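One chain is shown next in structure tokens, namely the form deposited in one PDB entry.
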């Protein structure tokens, strides 16, 4: 039906498109744009473009594996079950050429799909059409039709012409990069994990193509007595035995290992070996690079924590701090950050208000709801108050509050025991969920009892500067607390 047929060629309302265009109305604006052409635009983000590129990737990985092998290890590439594969697949890759004249293009420099037919055709014919046409049209069977209008020379030249189909790797690279830019925008794949699998796919393909080339150059020379295929006496081995050996040569030049049974004798086998070493050791260097980037991404937060701590050790050693105090600072960072690197002030500034308020109310509303100041207060005021709490960790023996010091802030216990070392009583061990220093906010005096950490206290603290900064926003609660 024509409505569903047109619907496939437009950018759909889906998790990607509503994130790329930012609203379902901006998606509809782009659909209403695509409706300008006489079906002569399919959008780069359309379901048609997706499923077409998906069947093109499985078509093209299959074809870029099968074509090197059928051109290299098989006689009679003019046979019915082989020309049926090549005419069918070159039809699919010619439909794909026609589709790219009507396919838009994602202009990264303007963040817009070009999406107009004369602009798409003129940019495409200037960008990639020559490699796409050469790799699309059956130039090998065209040359057989011209030559039928010498047999060993025709079978030589048609094998080189048939490897112009390998320029489908330009489309494989392109359609993979387009669909991976789209899939990062859909699934947040780790960059180095996408990149290592691009390169593992490229290594396997270039290793496979070198594996074919290592036999093809012997074959195009009619297996001279000084090439490895003749020296290994395997010019008449099965296509699979030959391919396995030829691949093993290429793979040994790739993965940095060796040769076949001998160093190359003939100058063409020697130069194809050097090319395959250059391509191979380039791939393996590129793969050690991607493996390194993968590894450095996978522990990146732990690596950044230990880099940050090493700057604490550099601070400690610059100031020549005693080993007893350096151990105290180490044990502080171990309890304050738990080996995790973040900036709370940075991250909370990157969030919206509702999401700060949800994070803050999950962390701190359980601590504050026990306090008689806040158990009876308005939910909007308490939500504004909890955002002013500063998290503090006190190691055992640290005085959180000292008797006779000015009451600049008051505290709440998330975890640990804090002993109220009062001037005329036994030490009341305030356990997790307790609160203290509360007379600082109401009375503006010096503290009436010291409070010291009896374990590694994890505290939330409320400065009287920040308390008053929030009470200026809620004068109804200010007049209420002023009653007591």
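Superpose the two forms; the largest set of C-alphas matching within 1.5 Å is the rigid core. Residue numbers count along the first chain shown, from 1.
What follows is about the form deposited in another entry, which we do not show.
The one residue among 142, 167, 190, 406 whose Cα position changes by 2 Å or more between the shown form and the other one, with the core held fixed by superposition, is 406.
Fitting the two forms on the rigid core leaves the C-alpha of residue 381 displaced by at least 2 angstroms between the shown form and the other one. After superposition on the rigid core, the Cα of residue 433 moves by 2 Å or more between the shown form and the other one. With a cut-off of 2 Å and the rigid core superposed, residue 97 has a Cα displacement that falls short of the cut-off between the shown form and the other one.
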